[PDB]
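Remarks on the structure that follows.
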Amino acid sequence: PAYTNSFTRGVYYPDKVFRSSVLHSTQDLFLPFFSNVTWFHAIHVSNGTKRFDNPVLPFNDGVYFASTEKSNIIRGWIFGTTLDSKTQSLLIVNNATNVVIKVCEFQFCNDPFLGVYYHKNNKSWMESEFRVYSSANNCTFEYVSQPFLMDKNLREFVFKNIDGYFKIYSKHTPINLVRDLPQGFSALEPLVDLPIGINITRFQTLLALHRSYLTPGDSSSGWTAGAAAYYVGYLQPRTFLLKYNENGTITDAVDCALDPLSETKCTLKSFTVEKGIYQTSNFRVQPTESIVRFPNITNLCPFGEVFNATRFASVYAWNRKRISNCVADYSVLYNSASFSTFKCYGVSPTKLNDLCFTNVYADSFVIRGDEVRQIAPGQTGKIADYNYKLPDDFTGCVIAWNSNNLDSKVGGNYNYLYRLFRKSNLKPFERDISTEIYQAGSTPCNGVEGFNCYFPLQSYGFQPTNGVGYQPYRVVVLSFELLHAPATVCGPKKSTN
Amino acid sequence: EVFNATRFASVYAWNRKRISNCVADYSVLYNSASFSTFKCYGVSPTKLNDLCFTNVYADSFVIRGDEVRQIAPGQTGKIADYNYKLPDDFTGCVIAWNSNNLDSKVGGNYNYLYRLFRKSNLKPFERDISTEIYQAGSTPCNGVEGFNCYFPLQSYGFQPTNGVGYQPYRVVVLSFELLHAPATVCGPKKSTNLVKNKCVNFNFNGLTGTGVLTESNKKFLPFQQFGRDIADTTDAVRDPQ
Amino acid sequence: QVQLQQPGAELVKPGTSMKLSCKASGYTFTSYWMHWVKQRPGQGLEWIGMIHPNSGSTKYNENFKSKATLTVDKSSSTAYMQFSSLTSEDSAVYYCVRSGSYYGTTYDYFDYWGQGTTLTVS
Amino acid sequence: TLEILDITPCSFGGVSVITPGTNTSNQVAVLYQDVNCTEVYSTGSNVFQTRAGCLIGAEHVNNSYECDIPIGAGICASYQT
Amino acid sequence: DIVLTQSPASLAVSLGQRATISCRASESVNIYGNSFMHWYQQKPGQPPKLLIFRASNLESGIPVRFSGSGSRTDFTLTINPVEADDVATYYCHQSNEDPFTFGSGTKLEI
Amino acid sequence: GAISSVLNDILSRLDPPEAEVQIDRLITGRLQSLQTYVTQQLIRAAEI
Amino acid sequence: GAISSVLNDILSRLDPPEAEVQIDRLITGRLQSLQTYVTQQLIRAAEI
Ligand SMILES: *[C@@H]1O[C@H](CO)[C@@H](O)[C@H](O)[C@H]1NC(C)=O
Ligand SMILES: *[C@@H]1O[C@H](CO)[C@@H](O)[C@H](O)[C@H]1NC(C)=O
Ligand SMILES: *[C@@H]1O[C@H](CO)[C@@H](O)[C@H](O)[C@H]1NC(C)=O
Ligand SMILES: *[C@@H]1O[C@H](CO)[C@@H](O)[C@H](O)[C@H]1NC(C)=O
Ligand SMILES: *[C@@H]1O[C@H](CO)[C@@H](O)[C@H](O)[C@H]1NC(C)=O
Ligand SMILES: *[C@@H]1O[C@H](CO)[C@@H](O)[C@H](O)[C@H]1NC(C)=O
């Protein structure tokens, strides 16, 4: 793709309002003056070898399509968001009889094209069949009129989508230029406005393919596609000072943003500006970034104390503490690598800082190392069922870390206990401080101990020699909830350098 | 068929249909007592006949009763912000009438949907039919419904026993725009003979001005209808007839 | 497990006000929330009122607000409800109700209910 | 931190072009009124600084000429070979 | 207040087959993510038995056959292996506000 | 701030009860513009 | 007459639809202040 200058082209009629000797300046989607326009060349013969290349060029809020070919090789265009059956697709077809603009939900083929055949008696290339879409569903609009594409000649078309309307402006002027857009000014009258009502993201040119191409032969004997020369530009929202002559034709225009001189013309609303200094605009330096600074978190929630402490409650007597009315920093909690287990089932731990929850709870308890996995949302386990239960729908963090140094020693930690036997599985987030013997059995023993009656609580054995399976791994379950009340505990307000 | 149709679409995907190349008698609509609310924002209900409009759009959908107020230029709400948003500078008239006996049955009528959750605000006069699951923000979720993510379409609860504010109210939003393009559909005001060189009151497709008409040598291109001057007051008009 | 005891059936004359309570076993009565409900066959269950046994306020539904007096006894783990101007339509089978919460301050779940006593005025 | 930060507003100024007659030429010189050239046609094109502002597009001349287009603060621009 | 309309009321489903019943409240029972809905197993002349005491929480000691689904006003119950004796009247209840209303009733038969 | 800048359109578009607010917007704006123009003309005429 | 003299707060603590009314009150007030200032400047500049 070789680029060429726009050279003050793409100027069309903004509104269907007559004006005579009026220097009316309006802002509209326009092709910027002196813009470097890509001369796409779709199919280039090698020997006559076919090289099919119809790229999906982006719409970019307007296309200044143009072609200098007098052979009328181009026949219609393709407009669509994704060019599939799901999305509504726009079709333009320019046959000899008329122009067909048809909009439906179209399942396009890999190569959308118009197939023509040569008839010996008629000696003309009539349309054999159309092969662009496989199916036509949810059809919305159709338009038929005299073909503008047919009848040296340079054909210009601006395609715009504004408020569900398709704007097409056509102008035809014969030129002798080989491959460059003329260094001249030509306004574009509104050919037709179409209430398509769909969004167009990419633009694809459609080319007529002859019977020689339609044959599976790699070489088209009767047709050559090397003349497929077309230009594609992109329109930008620039204010323009259009000049209407006595007939209402825009003989000339200036693009305000192109250079300070054109900004001067737009300011004075005159194409000829006398020598001097003119306050065209004001220079404003935009902010590079945003900085937010806020004081230290005075009411810092004591997560450091509760997480890092010497003495904790046991699992059966697990302590529930209310973390509220303070701002809590979970960034230090997440960044800390001291804890072996940092799992937040309800919410992603990474974004725990930004969210604000009305009420936060922390549970302190002690379980064996092998049974750390038992404390999990909707987990069936002895310790999980009996003393500490976690609900299926859980919004909180379960934090565990090695506690060999904190409390494990040669002396057994007989003070800590777990409920080996209980009548029923405990409800989630329920405290179980029970001294009941729980005799149960075939017959209640009614005593401290029995053959079938056992005291619920059994002493932990914590030893350094116990190893990974039996070392403490003291576990903390953090809890979150929302009670349809204003949040009083939340992450610290962000501070930037 | 715009108003007395058997079926009307839900708010999230409403029917926008063209009205053009006709004669429009808004008076028979206005005088009708079926329409409970006839608030015209950019126009007047009585004076709709005099005007002539380039394009007429009829947006029809079924909403709950209390939500009628929030379908208006510049009002916030559930329906207004996630389902159907009118522009702040809206020129048109909203027509609403009770439909409890029509589209609400003895059992729960649940075919009408409103998008309860959406990422952000709705732009004016745009239809979003996306059914992607909405994530609150705490945790990412897949397409399957989750604890934190919900299906965005929510069904209206319509029962005959519901009172005002909980009953379906058909709303037809007639949005009118004057783009200076040739007008297509407008009032039934009878055309009269054209008068030149004499001071007359002229109503050329709703300009409604007073002046003396003289034949002009200025040439108008076929697409464009009327000219303008510095004051942006009409300096030349092409006859409609 | 948790067992709540109710009379099998109660036959009374119209216009009589009486106390109905549930004995609580297997759980601490004070901590858990105390609610009440009545059943009428062929008609939906509809709630009565709320009291927290240890230092808790009381609320009732609007239709039956103050129609029946409701109290809680810390001893015997029983909550006593008293009628007022009992009628045939007021008669229904009443169920002892216990409520539980993950964090408190809300009614997350109802864990156990009693068998219920049938207030038949036949 | 117990520190005091003076807030002065971001630099702003009126972009004033210096153009000769449209028939005479199409080249322009741009004056950025009371703006330092640091935060500033593309930059680096014969940038010259004066009290009025950062004058871009015209090269400074040590020789003194009669005023044609008054820039301000004693600077005047002319279209000369 | 909040009214619950159980749909499709009484339902008949074959043994070991998908069964779906949904009751939609007049206004949503979920406050912020968490939902307050209770589904009950009331046999004739027997106390109601819990199935699902939250949006998706399932009571311990009860078969996992009952499943939780739904959001905001609309909550759906799924029973893929419907069993013989568990069929009875089903109630759904909203715990968000003080009216504390329950469902109408949902008869189930094989 | 009025819906349209031509009095004839708003006068044909809006009934007087709510038309009068838009006409008042236009009246205030055009009166401000005319007062500004007349003041500029008075100062310029003092100069002249 | 606007509920606040800094437009950022009214653009933040109100949603637009009723916010542009206060913005109009403030725009009219500030525009009147500039017209007064420029008129006094013109008269003072005529004196100077
Ligand atoms: C100008 O065109 C050349 C090629 O002709 C291209 O490389 C360059 O990017 C263009 N400049 C633009 C688009 O600003
Ligand atoms: C307008 O169109 C006429 C048509 O013949 C042409 O003669 C004339 O040169 C055009 N331009 C002007 C300014 O009249
Ligand atoms: C660890 O303990 C220290 C006590 O010096 C405390 O400041 C810190 O916050 C604790 N870490 C965590 C993650 O709580
Ligand atoms: C449909 O409703 C309109 C508006 O009330 C009415 O004019 C028309 O007569 C109705 N249709 C029939 C067939 O009555
Ligand atoms: C522009 O900024 C630089 C910063 O290094 C400073 O030295 C210079 O004095 C500034 N210009 C003026 C006119 O103050
Ligand atoms: C003007 O004189 C200064 C003196 O140092 C010199 O640096 C500068 O280059 C001169 N400029 C020209 C254009 O001669």
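Going through the structure tokens in order, the chains are called A, B, and so on, while each chain numbers its residues from 1 and the ligands are numbered from 1 in the order shown.
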
Item to check | Residue list for chain A near chain C as a ChimeraX atom specification, 7 Å, only C-alpha atoms | outcome: /A:423-424,428-429

May I ask you to write as a short mmCIF file (atom, residue, chain, number, x, y, z; two decimals) with N, CA and C atoms, in the first residue's frame all residues lying at most 8 Å from ligand 2, with only C-alpha atoms and all ligand atoms counted?
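Result saved to out-v3.cif:
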```cif
data_model
loop_
_atom_site.label_atom_id
_atom_site.label_comp_id
_atom_site.auth_asym_id
_atom_site.auth_seq_id
_atom_site.Cartn_x
_atom_site.Cartn_y
_atom_site.Cartn_z
N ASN A 245 -20.81 29.43 -3.31
CA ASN A 245 -20.84 30.42 -4.39
C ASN A 245 -22.28 30.84 -4.64
N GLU A 246 -22.51 31.56 -5.75
CA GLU A 246 -23.86 32.03 -6.06
C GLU A 246 -24.82 30.87 -6.26
N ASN A 247 -24.33 29.77 -6.85
CA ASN A 247 -25.17 28.60 -7.09
C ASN A 247 -25.31 27.71 -5.87
N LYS B 219 -30.96 29.05 -8.24
CA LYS B 219 -31.13 27.65 -8.59
C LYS B 219 -30.84 26.78 -7.37
#
```

When you get a sec, could you note down which chain A residues fall within 12 Å of chain D, using only C-alpha atoms, as a JSON list (two decimals) with N, CA, C and O atoms, in the first residue's frame?
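The resulting file, part27.json, is shown below:
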```json
[["chain", "number", "residue", "atom", "x", "y", "z"],
["A", 257, "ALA", "N", -7.78, 22.79, 11.58],
["A", 257, "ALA", "CA", -6.73, 22.23, 12.42],
["A", 257, "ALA", "C", -5.46, 21.93, 11.63],
["A", 257, "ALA", "O", -4.46, 21.51, 12.21],
["A", 258, "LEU", "N", -5.48, 22.14, 10.31],
["A", 258, "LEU", "CA", -4.34, 21.74, 9.49],
["A", 258, "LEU", "C", -3.08, 22.52, 9.86],
["A", 258, "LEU", "O", -2.03, 21.93, 10.13],
["A", 259, "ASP", "N", -3.17, 23.85, 9.88],
["A", 259, "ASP", "CA", -2.03, 24.68, 10.23],
["A", 259, "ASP", "C", -2.55, 25.97, 10.84],
["A", 259, "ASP", "O", -3.74, 26.28, 10.72],
["A", 260, "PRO", "N", -1.69, 26.73, 11.52],
["A", 260, "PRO", "CA", -2.16, 27.98, 12.13],
["A", 260, "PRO", "C", -2.76, 28.96, 11.14],
["A", 260, "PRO", "O", -3.65, 29.73, 11.52],
["A", 261, "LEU", "N", -2.32, 28.95, 9.88],
["A", 261, "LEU", "CA", -2.93, 29.83, 8.89],
["A", 261, "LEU", "C", -4.40, 29.49, 8.69],
["A", 261, "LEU", "O", -5.25, 30.39, 8.61],
["A", 262, "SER", "N", -4.72, 28.20, 8.59],
["A", 262, "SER", "CA", -6.11, 27.81, 8.43],
["A", 262, "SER", "C", -6.91, 28.09, 9.70],
["A", 262, "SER", "O", -8.10, 28.40, 9.63],
["A", 263, "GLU", "N", -6.26, 27.97, 10.86],
["A", 263, "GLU", "CA", -6.91, 28.40, 12.10],
["A", 263, "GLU", "C", -7.21, 29.89, 12.07],
["A", 263, "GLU", "O", -8.25, 30.33, 12.56],
["A", 264, "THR", "N", -6.31, 30.68, 11.49],
["A", 264, "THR", "CA", -6.56, 32.11, 11.33],
["A", 264, "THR", "C", -7.73, 32.36, 10.40],
["A", 264, "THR", "O", -8.57, 33.24, 10.65],
["A", 265, "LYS", "N", -7.81, 31.61, 9.30],
["A", 265, "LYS", "CA", -8.93, 31.76, 8.37],
["A", 265, "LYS", "C", -10.24, 31.41, 9.06],
["A", 265, "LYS", "O", -11.25, 32.10, 8.88],
["A", 267, "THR", "N", -10.86, 31.59, 12.27],
["A", 267, "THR", "CA", -11.15, 32.61, 13.27],
["A", 267, "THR", "C", -11.73, 33.87, 12.63],
["A", 267, "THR", "O", -12.78, 34.37, 13.05],
["A", 270, "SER", "N", -12.52, 34.44, 6.95],
["A", 270, "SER", "CA", -12.14, 34.97, 5.65],
["A", 270, "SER", "C", -10.96, 34.19, 5.12],
["A", 270, "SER", "O", -10.01, 33.91, 5.85],
["A", 271, "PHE", "N", -11.02, 33.82, 3.84],
["A", 271, "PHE", "CA", -9.93, 33.05, 3.24],
["A", 271, "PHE", "C", -8.67, 33.88, 3.08],
["A", 271, "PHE", "O", -7.56, 33.36, 3.23],
["A", 272, "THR", "N", -8.81, 35.16, 2.75],
["A", 272, "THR", "CA", -7.67, 36.05, 2.68],
["A", 272, "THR", "C", -7.58, 36.82, 3.98],
["A", 272, "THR", "O", -8.49, 37.58, 4.32],
["A", 273, "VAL", "N", -6.49, 36.62, 4.71],
["A", 273, "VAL", "CA", -6.25, 37.28, 5.99],
["A", 273, "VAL", "C", -5.12, 38.27, 5.81],
["A", 273, "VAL", "O", -4.09, 37.95, 5.21],
["A", 274, "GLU", "N", -5.32, 39.49, 6.29],
["A", 274, "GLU", "CA", -4.31, 40.52, 6.15],
["A", 274, "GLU", "C", -3.20, 40.31, 7.17],
["A", 274, "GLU", "O", -3.38, 39.66, 8.20],
["A", 275, "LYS", "N", -2.03, 40.87, 6.86],
["A", 275, "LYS", "CA", -0.87, 40.68, 7.72],
["A", 275, "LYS", "C", -1.13, 41.25, 9.11],
["A", 275, "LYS", "O", -1.67, 42.35, 9.26],
["A", 276, "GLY", "N", -0.76, 40.48, 10.13],
["A", 276, "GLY", "CA", -1.01, 40.89, 11.49],
["A", 276, "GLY", "C", -0.94, 39.69, 12.42],
["A", 276, "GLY", "O", -0.52, 38.60, 12.03],
["A", 277, "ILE", "N", -1.36, 39.92, 13.66],
["A", 277, "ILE", "CA", -1.36, 38.91, 14.70],
["A", 277, "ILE", "C", -2.80, 38.70, 15.17],
["A", 277, "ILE", "O", -3.51, 39.67, 15.44],
["A", 278, "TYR", "N", -3.22, 37.45, 15.23],
["A", 278, "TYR", "CA", -4.60, 37.10, 15.55],
["A", 278, "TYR", "C", -4.63, 36.04, 16.63],
["A", 278, "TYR", "O", -4.01, 34.98, 16.48],
["A", 279, "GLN", "N", -5.35, 36.31, 17.72],
["A", 279, "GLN", "CA", -5.44, 35.37, 18.84],
["A", 279, "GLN", "C", -6.36, 34.23, 18.44],
["A", 279, "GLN", "O", -7.56, 34.22, 18.72],
["A", 280, "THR", "N", -5.78, 33.24, 17.76],
["A", 280, "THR", "CA", -6.58, 32.14, 17.22],
["A", 280, "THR", "C", -7.13, 31.25, 18.33],
["A", 280, "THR", "O", -8.31, 30.86, 18.30],
["A", 281, "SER", "N", -6.31, 30.92, 19.32],
["A", 281, "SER", "CA", -6.74, 30.01, 20.37],
["A", 281, "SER", "C", -5.88, 30.23, 21.61],
["A", 281, "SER", "O", -5.03, 31.12, 21.65],
["A", 282, "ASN", "N", -6.12, 29.39, 22.61],
["A", 282, "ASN", "CA", -5.42, 29.46, 23.89],
["A", 282, "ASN", "C", -4.69, 28.15, 24.15],
["A", 282, "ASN", "O", -5.24, 27.07, 23.93],
["A", 283, "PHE", "N", -3.44, 28.26, 24.61],
["A", 283, "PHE", "CA", -2.62, 27.09, 24.89],
["A", 283, "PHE", "C", -2.82, 26.66, 26.34],
["A", 283, "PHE", "O", -2.57, 27.43, 27.27],
["A", 284, "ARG", "N", -3.27, 25.42, 26.53],
["A", 284, "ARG", "CA", -3.55, 24.88, 27.85],
["A", 284, "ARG", "C", -2.80, 23.57, 28.03],
["A", 284, "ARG", "O", -2.96, 22.65, 27.22],
["A", 285, "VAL", "N", -1.99, 23.49, 29.08],
["A", 285, "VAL", "CA", -1.22, 22.28, 29.35],
["A", 285, "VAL", "C", -2.09, 21.32, 30.14],
["A", 285, "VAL", "O", -2.54, 21.63, 31.25],
["A", 286, "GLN", "N", -2.34, 20.14, 29.57],
["A", 286, "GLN", "CA", -3.16, 19.15, 30.24],
["A", 286, "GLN", "C", -2.41, 18.53, 31.41],
["A", 286, "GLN", "O", -1.18, 18.47, 31.41],
["A", 287, "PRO", "N", -3.12, 18.07, 32.44],
["A", 287, "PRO", "CA", -2.46, 17.37, 33.54],
["A", 287, "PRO", "C", -1.86, 16.06, 33.08],
["A", 287, "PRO", "O", -2.49, 15.28, 32.36],
["A", 288, "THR", "N", -0.61, 15.81, 33.49],
["A", 288, "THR", "CA", 0.07, 14.59, 33.07],
["A", 288, "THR", "C", -0.52, 13.36, 33.75],
["A", 288, "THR", "O", -0.80, 12.35, 33.08],
["A", 293, "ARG", "N", -3.52, 12.33, 47.78],
["A", 293, "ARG", "CA", -2.77, 12.22, 49.02],
["A", 293, "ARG", "C", -3.72, 12.35, 50.20],
["A", 293, "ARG", "O", -4.54, 13.27, 50.25],
["A", 294, "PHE", "N", -3.62, 11.41, 51.13],
["A", 294, "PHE", "CA", -4.48, 11.39, 52.30],
["A", 294, "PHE", "C", -3.67, 10.95, 53.51],
["A", 294, "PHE", "O", -2.69, 10.21, 53.37],
["A", 295, "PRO", "N", -4.04, 11.39, 54.71],
["A", 295, "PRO", "CA", -3.20, 11.14, 55.88],
["A", 295, "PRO", "C", -3.14, 9.67, 56.24],
["A", 295, "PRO", "O", -3.86, 8.83, 55.69],
["A", 296, "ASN", "N", -2.25, 9.35, 57.18],
["A", 296, "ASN", "CA", -2.13, 7.98, 57.66],
["A", 296, "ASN", "C", -3.46, 7.52, 58.25],
["A", 296, "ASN", "O", -4.23, 8.30, 58.80]]
```

Checklist entry - Mind pulling up the distance from atom CA of residue 12 of chain E to atom CA of residue 82 of chain E? => result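 Straight-line distance from atom CA of residue 82 of chain E to atom CA of residue 12 of chain E works out to 10.6 Å.
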
Item to check | Shell of 12 Å around ligand 6 (only C-alpha atoms and all ligand atoms), written as a list in words | outcome: residues 46, 48, 58, 59, 60, 61, 62, 63 and 64 of chain D

With N, CA, C and O atoms retained, write the just-selected residues as a PDB file, in the first residue's frame.
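The resulting file, again-v9.pdb, is reproduced below:
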```
ATOM      1  N   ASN D  46      12.831  26.582  14.889  1.00  0.00           N
ATOM      2  CA  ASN D  46      13.332  27.946  15.068  1.00  0.00           C
ATOM      3  C   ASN D  46      12.733  28.603  16.309  1.00  0.00           C
ATOM      4  O   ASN D  46      12.330  29.767  16.291  1.00  0.00           O
ATOM      5  N   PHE D  48      12.178  30.607  19.473  1.00  0.00           N
ATOM      6  CA  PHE D  48      12.791  31.793  20.052  1.00  0.00           C
ATOM      7  C   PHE D  48      11.935  32.261  21.219  1.00  0.00           C
ATOM      8  O   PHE D  48      10.705  32.225  21.157  1.00  0.00           O
ATOM      9  N   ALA D  58       9.394  31.529  13.683  1.00  0.00           N
ATOM     10  CA  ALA D  58      10.185  32.624  13.141  1.00  0.00           C
ATOM     11  C   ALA D  58      11.537  32.651  13.833  1.00  0.00           C
ATOM     12  O   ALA D  58      11.613  32.549  15.061  1.00  0.00           O
ATOM     13  N   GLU D  59      12.598  32.783  13.045  1.00  0.00           N
ATOM     14  CA  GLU D  59      13.945  32.826  13.589  1.00  0.00           C
ATOM     15  C   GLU D  59      14.269  34.232  14.079  1.00  0.00           C
ATOM     16  O   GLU D  59      13.939  35.223  13.420  1.00  0.00           O
ATOM     17  N   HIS D  60      14.906  34.317  15.243  1.00  0.00           N
ATOM     18  CA  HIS D  60      15.284  35.609  15.795  1.00  0.00           C
ATOM     19  C   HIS D  60      16.363  36.260  14.942  1.00  0.00           C
ATOM     20  O   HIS D  60      17.232  35.584  14.388  1.00  0.00           O
ATOM     21  N   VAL D  61      16.303  37.583  14.835  1.00  0.00           N
ATOM     22  CA  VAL D  61      17.273  38.362  14.077  1.00  0.00           C
ATOM     23  C   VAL D  61      17.879  39.408  14.999  1.00  0.00           C
ATOM     24  O   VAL D  61      17.152  40.149  15.668  1.00  0.00           O
ATOM     25  N   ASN D  62      19.212  39.462  15.032  1.00  0.00           N
ATOM     26  CA  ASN D  62      19.890  40.442  15.873  1.00  0.00           C
ATOM     27  C   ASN D  62      19.701  41.855  15.337  1.00  0.00           C
ATOM     28  O   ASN D  62      19.649  42.818  16.111  1.00  0.00           O
ATOM     29  N   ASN D  63      19.607  42.002  14.019  1.00  0.00           N
ATOM     30  CA  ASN D  63      19.386  43.317  13.435  1.00  0.00           C
ATOM     31  C   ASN D  63      18.003  43.834  13.804  1.00  0.00           C
ATOM     32  O   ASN D  63      17.061  43.059  13.990  1.00  0.00           O
ATOM     33  N   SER D  64      17.884  45.153  13.913  1.00  0.00           N
ATOM     34  CA  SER D  64      16.636  45.803  14.288  1.00  0.00           C
ATOM     35  C   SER D  64      15.935  46.330  13.044  1.00  0.00           C
ATOM     36  O   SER D  64      16.550  47.023  12.227  1.00  0.00           O
TER      37      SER D  64
END
```

Throw together the list of residues within 9 Å of ligand 4, counting only C-alpha atoms and all ligand atoms, and drop it here as a PDB file with C-alpha atoms, in the first residue's frame.
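What ended up in part-v9.pdb:
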```
ATOM      1  CA  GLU B   1     -51.126  -0.374  14.223  1.00  0.00           C
ATOM      2  CA  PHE B   3     -50.883   2.186  19.049  1.00  0.00           C
ATOM      3  CA  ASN B   4     -53.591  -0.502  18.837  1.00  0.00           C
ATOM      4  CA  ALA B   5     -51.197  -3.331  17.945  1.00  0.00           C
ATOM      5  CA  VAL B  28     -57.388  12.213  16.781  1.00  0.00           C
ATOM      6  CA  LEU B  29     -54.690  10.833  19.073  1.00  0.00           C
ATOM      7  CA  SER B  32     -58.726  10.388  22.577  1.00  0.00           C
ATOM      8  CA  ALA B  33     -59.240   9.788  26.297  1.00  0.00           C
ATOM      9  CA  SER B  34     -57.551   6.368  26.270  1.00  0.00           C
ATOM     10  CA  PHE B  35     -54.078   7.896  26.674  1.00  0.00           C
TER      11      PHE B  35
END
```
